[PDB]
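What follows is the content of coords-v8.cif (mmCIF, C-alpha atoms and all ligand atoms).
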data_upload
loop_
_atom_site.label_atom_id
_atom_site.label_comp_id
_atom_site.auth_asym_id
_atom_site.auth_seq_id
_atom_site.Cartn_x
_atom_site.Cartn_y
_atom_site.Cartn_z
CA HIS A 20 7.57 14.99 98.98
CA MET A 21 7.29 18.44 97.40
CA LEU A 22 11.01 18.79 96.58
CA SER A 23 13.03 17.01 93.92
CA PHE A 24 16.18 15.19 95.05
CA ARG A 25 18.45 18.11 94.18
CA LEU A 26 16.22 20.61 96.02
CA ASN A 27 16.24 18.39 99.08
CA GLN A 28 20.03 18.49 98.96
CA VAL A 29 19.89 22.29 99.21
CA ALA A 30 17.39 22.07 102.10
CA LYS A 31 19.65 19.83 104.22
CA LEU A 32 22.25 22.62 104.33
CA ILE A 33 19.81 25.22 105.76
CA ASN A 34 18.88 25.35 109.44
CA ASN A 35 18.21 27.90 112.17
CA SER A 36 18.06 30.77 109.68
CA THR A 37 16.25 34.07 109.98
CA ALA A 38 15.79 34.94 106.29
CA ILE A 39 16.66 33.20 103.02
CA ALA A 40 16.19 34.28 99.41
CA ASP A 41 15.44 31.80 96.61
CA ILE A 42 16.58 33.27 93.29
CA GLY A 43 14.63 31.83 90.37
CA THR A 44 12.09 30.30 92.74
CA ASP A 45 9.60 29.26 90.03
CA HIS A 46 6.76 27.82 92.16
CA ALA A 47 8.33 28.61 95.56
CA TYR A 48 8.18 24.99 96.76
CA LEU A 49 11.67 25.37 98.26
CA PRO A 50 10.77 28.51 100.30
CA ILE A 51 7.52 26.80 101.33
CA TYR A 52 9.34 23.63 102.43
CA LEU A 53 11.97 25.60 104.38
CA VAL A 54 9.37 27.66 106.23
CA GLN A 55 7.16 24.63 106.94
CA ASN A 56 10.11 22.79 108.52
CA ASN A 57 11.29 25.81 110.56
CA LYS A 58 14.64 25.98 108.76
CA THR A 59 14.00 29.66 108.05
CA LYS A 60 11.67 32.16 109.72
CA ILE A 61 10.97 34.07 106.50
CA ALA A 62 11.75 33.62 102.82
CA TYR A 63 12.06 35.89 99.82
CA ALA A 64 10.76 33.99 96.76
CA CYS A 65 12.26 35.81 93.78
CA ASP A 66 11.94 35.49 90.03
CA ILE A 67 12.77 37.58 87.00
CA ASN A 68 9.45 36.50 85.41
CA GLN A 69 6.10 37.54 86.88
CA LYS A 70 4.29 34.56 85.32
CA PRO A 71 5.54 31.76 87.65
CA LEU A 72 5.58 34.27 90.51
CA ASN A 73 1.76 34.36 90.27
CA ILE A 74 1.65 30.59 90.82
CA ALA A 75 4.15 31.00 93.66
CA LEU A 76 1.89 33.47 95.45
CA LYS A 77 -1.14 31.19 95.13
CA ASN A 78 0.94 28.29 96.48
CA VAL A 79 2.04 30.48 99.43
CA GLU A 80 -1.64 31.29 100.02
CA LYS A 81 -2.87 27.69 99.90
CA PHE A 82 -0.44 26.71 102.71
CA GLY A 83 -1.19 29.81 104.80
CA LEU A 84 2.32 31.30 104.67
CA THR A 85 1.77 34.81 103.27
CA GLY A 86 3.12 36.29 106.50
CA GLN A 87 6.40 34.37 106.16
CA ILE A 88 7.07 34.12 102.41
CA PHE A 89 7.15 37.18 100.14
CA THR A 90 7.25 37.13 96.35
CA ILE A 91 9.76 39.49 94.73
CA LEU A 92 10.01 40.22 91.00
CA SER A 93 13.69 40.89 90.28
CA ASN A 94 16.65 40.13 88.06
CA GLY A 95 18.83 38.11 90.42
CA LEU A 96 20.03 40.15 93.39
CA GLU A 97 18.97 43.64 92.29
CA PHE A 98 16.21 43.66 94.93
CA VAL A 99 18.62 43.19 97.86
CA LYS A 100 19.60 46.89 97.72
CA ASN A 101 16.10 47.82 98.95
CA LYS A 102 15.62 49.08 102.50
CA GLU A 103 12.94 46.55 103.55
CA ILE A 104 15.02 43.49 102.58
CA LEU A 105 16.61 42.18 105.78
CA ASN A 106 20.02 40.57 106.17
CA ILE A 107 19.91 37.20 104.42
CA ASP A 108 21.51 34.07 105.88
CA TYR A 109 21.36 32.06 102.66
CA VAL A 110 20.71 32.94 99.06
CA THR A 111 19.83 29.83 97.06
CA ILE A 112 20.12 29.71 93.28
CA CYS A 113 18.95 26.42 91.77
CA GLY A 114 18.34 25.27 88.23
CA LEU A 115 20.38 27.81 86.26
CA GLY A 116 23.67 27.59 84.39
CA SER A 117 26.97 28.77 85.85
CA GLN A 118 27.24 31.62 83.34
CA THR A 119 23.84 33.01 84.40
CA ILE A 120 24.71 32.41 88.06
CA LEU A 121 28.07 34.18 87.88
CA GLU A 122 26.37 37.23 86.34
CA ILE A 123 23.80 37.28 89.16
CA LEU A 124 26.72 37.19 91.60
CA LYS A 125 27.98 40.54 90.25
CA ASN A 126 25.33 42.09 92.56
CA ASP A 127 26.53 40.28 95.67
CA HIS A 128 25.70 42.43 98.67
CA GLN A 129 26.89 42.69 102.25
CA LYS A 130 23.38 41.73 103.44
CA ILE A 131 24.07 38.18 102.16
CA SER A 132 26.07 35.72 104.27
CA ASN A 133 26.00 32.43 102.31
CA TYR A 134 25.14 31.01 98.92
CA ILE A 135 23.89 27.57 98.11
CA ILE A 136 24.03 27.11 94.35
CA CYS A 137 22.77 24.12 92.35
CA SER A 138 24.08 24.76 88.83
CA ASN A 139 23.23 22.60 85.84
CA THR A 140 26.65 23.26 84.30
CA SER A 141 30.08 22.70 85.83
CA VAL A 142 31.06 25.51 88.17
CA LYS A 143 34.76 26.24 87.63
CA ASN A 144 33.87 29.92 87.20
CA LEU A 145 31.92 29.90 90.50
CA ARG A 146 34.87 28.38 92.37
CA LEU A 147 37.21 30.99 90.88
CA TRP A 148 34.77 33.64 92.06
CA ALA A 149 34.78 32.23 95.61
CA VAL A 150 38.58 31.91 95.64
CA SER A 151 39.31 35.34 94.18
CA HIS A 152 37.05 36.94 96.84
CA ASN A 153 38.54 34.71 99.59
CA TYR A 154 35.20 33.08 100.46
CA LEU A 155 35.04 29.56 101.85
CA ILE A 156 33.63 26.82 99.64
CA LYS A 157 31.97 25.02 102.55
CA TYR A 158 30.40 22.12 100.64
CA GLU A 159 30.25 20.64 97.17
CA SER A 160 28.58 17.59 95.72
CA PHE A 161 27.62 16.12 92.36
CA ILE A 162 24.04 15.09 91.61
CA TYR A 163 22.31 13.06 88.89
CA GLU A 164 18.58 13.63 88.43
CA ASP A 165 16.15 13.24 85.50
CA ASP A 166 18.85 12.43 82.94
CA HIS A 167 20.82 15.57 83.93
CA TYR A 168 23.81 16.41 86.10
CA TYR A 169 23.99 19.15 88.70
CA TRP A 170 26.80 20.88 90.57
CA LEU A 171 26.01 21.86 94.14
CA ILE A 172 28.31 24.36 95.85
CA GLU A 173 27.94 26.17 99.18
CA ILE A 174 29.84 29.42 99.71
CA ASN A 175 30.36 30.87 103.22
CA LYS A 176 31.39 34.51 102.87
CA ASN A 177 32.39 34.82 106.53
CA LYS A 178 35.17 32.24 106.30
CA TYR A 179 38.38 32.32 104.29
CA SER A 180 38.84 30.45 101.03
CA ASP A 181 40.78 27.24 101.31
CA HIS A 182 44.03 27.29 99.31
CA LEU A 183 42.69 25.34 96.34
CA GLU A 184 45.07 23.72 93.88
CA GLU A 185 44.42 24.64 90.27
CA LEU A 186 42.98 21.20 89.51
CA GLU A 187 40.59 21.70 92.45
CA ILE A 188 39.46 25.04 91.09
CA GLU A 189 38.70 23.26 87.83
CA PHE A 190 36.91 20.16 89.09
CA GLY A 191 36.17 20.48 92.82
CA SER A 192 37.96 20.40 96.19
CA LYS A 193 39.29 16.84 96.68
CA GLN A 194 37.73 16.91 100.17
CA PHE A 195 34.21 16.72 98.68
CA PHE A 196 34.87 14.27 95.82
CA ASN A 197 37.40 11.67 97.07
CA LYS A 198 36.27 8.17 96.04
CA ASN A 199 33.17 9.54 94.27
CA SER A 200 32.30 6.91 91.65
CA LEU A 201 29.43 8.95 90.20
CA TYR A 202 31.65 11.98 89.48
CA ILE A 203 34.62 9.91 88.34
CA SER A 204 32.30 8.08 85.94
CA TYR A 205 31.09 11.41 84.56
CA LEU A 206 34.69 12.62 84.10
CA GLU A 207 35.77 9.48 82.25
CA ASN A 208 32.77 10.03 79.96
CA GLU A 209 34.03 13.60 79.44
CA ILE A 210 37.38 12.16 78.29
CA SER A 211 35.55 9.91 75.79
CA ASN A 212 33.63 12.81 74.30
CA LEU A 213 36.85 14.85 73.99
CA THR A 214 38.65 11.92 72.33
CA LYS A 215 35.89 11.74 69.68
CA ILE A 216 36.58 15.41 68.91
CA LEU A 217 40.34 14.84 68.71
CA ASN A 218 39.63 12.26 65.97
CA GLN A 219 37.73 14.87 63.93
CA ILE A 220 39.47 18.25 64.03
CA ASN A 221 42.84 19.19 62.57
CA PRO A 222 45.82 18.75 64.96
CA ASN A 223 47.00 22.26 63.93
CA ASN A 224 43.81 23.87 65.22
CA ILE A 225 44.47 25.49 68.60
CA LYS A 226 41.35 23.69 69.92
CA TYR A 227 43.14 20.33 69.50
CA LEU A 228 45.90 21.46 71.85
CA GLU A 229 43.36 22.83 74.36
CA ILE A 230 41.24 19.65 74.19
CA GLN A 231 44.35 17.47 74.57
CA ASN A 232 45.21 19.49 77.68
CA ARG A 233 41.68 19.29 79.09
CA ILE A 234 41.86 15.47 78.86
CA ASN A 235 45.19 15.34 80.70
CA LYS A 236 43.91 17.69 83.39
CA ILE A 237 40.88 15.43 83.93
CA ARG A 238 43.02 12.31 84.06
CA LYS A 239 45.27 13.93 86.65
CA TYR A 240 42.29 14.98 88.76
CA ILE A 241 40.69 11.54 88.42
CA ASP A 242 43.95 10.01 89.66
CA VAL A 243 43.95 12.20 92.77
CA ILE A 244 40.37 11.44 93.91
CA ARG A 245 40.28 7.80 92.65
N1 LIG B 1 18.36 36.30 86.08
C1 LIG B 1 17.38 35.73 86.77
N2 LIG B 1 16.98 36.25 87.98
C2 LIG B 1 15.97 35.66 88.71
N3 LIG B 1 15.34 34.54 88.21
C3 LIG B 1 15.72 34.02 87.02
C4 LIG B 1 16.74 34.60 86.29
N4 LIG B 1 16.89 33.88 85.17
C5 LIG B 1 15.99 32.86 85.16
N5 LIG B 1 15.25 32.95 86.31
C6 LIG B 1 14.18 32.05 86.75
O1 LIG B 1 14.77 30.88 87.25
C7 LIG B 1 13.90 29.78 87.11
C8 LIG B 1 14.70 28.58 86.61
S1 LIG B 1 13.74 27.05 86.68
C9 LIG B 1 14.37 26.66 88.34
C10 LIG B 1 13.24 26.37 89.33
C11 LIG B 1 13.65 25.91 90.73
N6 LIG B 1 14.34 26.98 91.45
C12 LIG B 1 14.51 24.65 90.65
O2 LIG B 1 15.74 24.70 90.80
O3 LIG B 1 14.00 23.54 90.42
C13 LIG B 1 12.83 30.21 86.12
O4 LIG B 1 11.60 30.34 86.80
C14 LIG B 1 13.29 31.58 85.63
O5 LIG B 1 12.17 32.41 85.45
#
Will you turn the file into C-alpha cells for me?
Amino acid sequence: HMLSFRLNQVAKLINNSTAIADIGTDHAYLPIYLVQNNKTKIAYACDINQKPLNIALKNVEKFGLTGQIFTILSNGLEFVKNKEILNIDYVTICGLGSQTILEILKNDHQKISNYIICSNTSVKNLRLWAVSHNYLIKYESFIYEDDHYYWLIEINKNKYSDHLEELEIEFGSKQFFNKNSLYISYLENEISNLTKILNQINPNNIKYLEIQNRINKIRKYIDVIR
C-alpha cells in the first residue's frame, strides 16, 4: 500500500466527493490514492514548499492523473480565494502540529465543507475552534504509528457543534474514546510525566498548581471513558 496507517484512516472518511484539497501534501500519495479509488473526482495537492511539490507533480504524471490532480503552491488555505478553485468537500491536513493547523484555519473559507485533520500534537485548540464556530466534530480517533502519536479529528461545518463538556473539549468527545485502552494508556503516561515534574519544581511556582490541575483533569476524564 502507498499510504501509511494514519493516511489510510483519513481516506476511509472520504467518499463520493467532487473535490478535495490536501494541505501539506508532500508527495501527493493521498490525493493520488483518493483519485485512484474514486473517492474524489479531482484533488488539489497543496504545499507551502515548491521542492516536494516537484516530486508530487512527477508522481501525478507517472500514474496518469494530471487531469484530475493539480499541484498548488500555497501557505495553507490562501489559494482557496482564487476564482478557479471549486467548492471543496474535504480539506485534509495531515502531519502538522495543532498550532500550525489552527493558524491555517484562520483562512477558512465558505468554499470548504469539511476538514479531516491528523495532527501530531493534541488538538484541544482545534476542538475549541470547532465549538466556538458551532461546527460538528463528526469523528475523532487516536493513532500510534512509527513511535509517534496522532490526533485525528473530522469537522463538518454544515452541522451544529455538539454541546461538549469542558473535559471533552480538552481530551476528546467521550463518544469517540469510550473504552479506548490505547488513549487511556497514553493519558496515564501523561500523568506520570507530570508527576516527575511536580517532584522537581517549587510548589510556590504557578506551574506546580497548573500541573497539579492538569493531572486531576486527566484523571477525571480517564474515569469517564474507562
Ligand atoms: N503552512 C503550510 N501550508 C502548506 N503546507 C505546509 C505548511 N507548513 C508545512 N507544510 C508542508 O506540510 C508537509 C508536512 S509533512 C506531511 C506529509 C503528508 N501530508 C503526511 O501527513 O504524511 C511538508 O511537506 C511541508 O512542506
Worksheet entry | range 134-141 of chain A environment, 7 Å, all atoms listed in the file, sequence neighbours closer than 6 positions dropped, as JSON, numbers by chain | {"A": [29, 109, 110, 111, 112, 113, 114, 115, 116, 117, 168, 169, 170, 171, 172, 173, 174, 175]}
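A straight line drawn from CA of residue 121 in chain A to CA of residue 78 in chain A is 29.1 Å long.
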Worksheet item: Got a sec: who's within 7 Å of range 43-59 of chain A, counting all atoms listed in the file, leaving out chain neighbours fewer than 4 positions off, as number ranges by chain?
Response: A: 21-22, 26, 30, 33-39, 64-67, 71-72, 74-75, 79, 112
Worksheet item: Which of these, A:123, A:76, A:183, A:206, has the shortest distance to residue 94 in chain A once you count all atoms listed in the file?
Response: A:123
Item to complete: Provide the CA of residue 214 in chain A to CA of residue 226 in chain A distance in Å, to one decimal place.
Response: 12.3 Å
Discussion item. Can you tell me which residues surround residue 231 in chain A at a distance of at most 8 Å, considering all atoms listed in the file, apart from same-chain residues fewer than 3 positions away, and format the answer as a list in words?
Written reply: residues 213, 217, 227, 228, 234 and 235 of chain A
Build an axis-aligned box that encloses every atom of ligand LIG 1 (chain B) listed in the file, pad it by 3 Å on each side, and report its centre and edge lengths in Å to one decimal, as JSON.
{"center_x": 15.0, "center_y": 29.9, "center_z": 88.3, "size_x": 12.8, "size_y": 18.8, "size_z": 12.3}
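All polymer residues at most 9 Å from (17.6, 11.2, 90.9), using all atoms listed in the file, appear as residues 23, 24, 25, 162, 163, 164, 165, 166 and 167 of chain A.
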Fill in: Option closest in space to residue 119 in chain A, from A:147, A:186, A:62, A:42 [counting all atoms listed in the file]
A:42
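The closest residue to ligand LIG 1 (chain B), picked from A:108, A:60, A:154, A:124 and counting only C-alpha atoms and all ligand atoms, is A:124.
What separates CA of residue 132 in chain A from CA of residue 144 in chain A is a distance of 19.6 Å.
Distances to ligand LIG 1 (chain B) were evaluated for A:145, A:84, A:96, A:61 using all atoms listed in the file, and the minimum falls at A:96.
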Worksheet item: Which of these, A:150, A:244, A:40, A:203, has the shortest distance to ligand LIG 1 (chain B) once you count all atoms listed in the file?
Response: A:40
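Residues in contact range of residue 245 in chain A, defined as at most 7 Å between only C-alpha atoms, with sequence neighbours fewer than 3 positions away removed, read residues 197, 198, 241 and 242 of chain A.
Distance annotation: of A:212, A:31, A:92, A:87, the residue with the minimal separation from ligand LIG 1 (chain B) is A:92; atom set is only C-alpha atoms and all ligand atoms.
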